[PDB]
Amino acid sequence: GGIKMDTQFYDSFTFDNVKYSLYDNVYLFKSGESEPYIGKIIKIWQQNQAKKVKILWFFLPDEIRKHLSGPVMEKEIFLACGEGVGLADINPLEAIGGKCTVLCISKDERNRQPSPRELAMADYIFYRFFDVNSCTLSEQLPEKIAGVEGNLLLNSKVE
């Protein structure tokens, strides 16, 4: 008969003395950019000995400033949603540059309301979702984003 396994996937790894897990939020620097991007790991696998992560993007206010009609909170960022260019990008695992603590304050029922402790330790907070097609912000979380169920893209199920 014979056995042949297909693609190896992962839930976690350690890189440069930091443990990263699926659905963690991370910094990623592009060459020539002064500020890092912030994104969420939504897949980890190995492909031809190369280690890859699929990153679902967050947007900092400066990154979508041209589409914003109103103000933002000091630590606010926005989770990409919808379908189209800008939603997500496959990245080398080696481009990950650190963990980012991002807390969701959405009233959506799939989000666990964060504790004061979690909010106190957050690098960024979000409750709005940037549709990359319309390029518009909404407080409505879609059923899924990038094929991932929405309840996996918010706060951890347990503090």
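Each residue number is its position in the shown sequence, starting from 1.
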Taking only the CA atoms, which stretch has the higher mean B-factor in the record, 98 to 106 or 25 to 33? 25 to 33
When the C-alpha temperature factors are averaged for each of 140 to 148 and 6 to 14, which stretch ends up with the higher value in the entry? 140 to 148
Looking at the temperature factor on the CA atom of residue 92, which third of the chain's modelled residues does it land in? middle
Ordered by C-alpha B-factor within the chain, which third holds residue 112? Give me lowest, middle or highest, please. middle
Lowest, middle or highest third: where is residue 79 by Cα B-factor in its chain? middle
Per the entry's values, where does residue 60 land by CA temperature factor relative to the rest of its chain, in the lowest, middle or highest third? middle
Determine, from the deposited record, the chain-internal third of the Cα B-factor for residue 119: lowest, middle or highest. highest
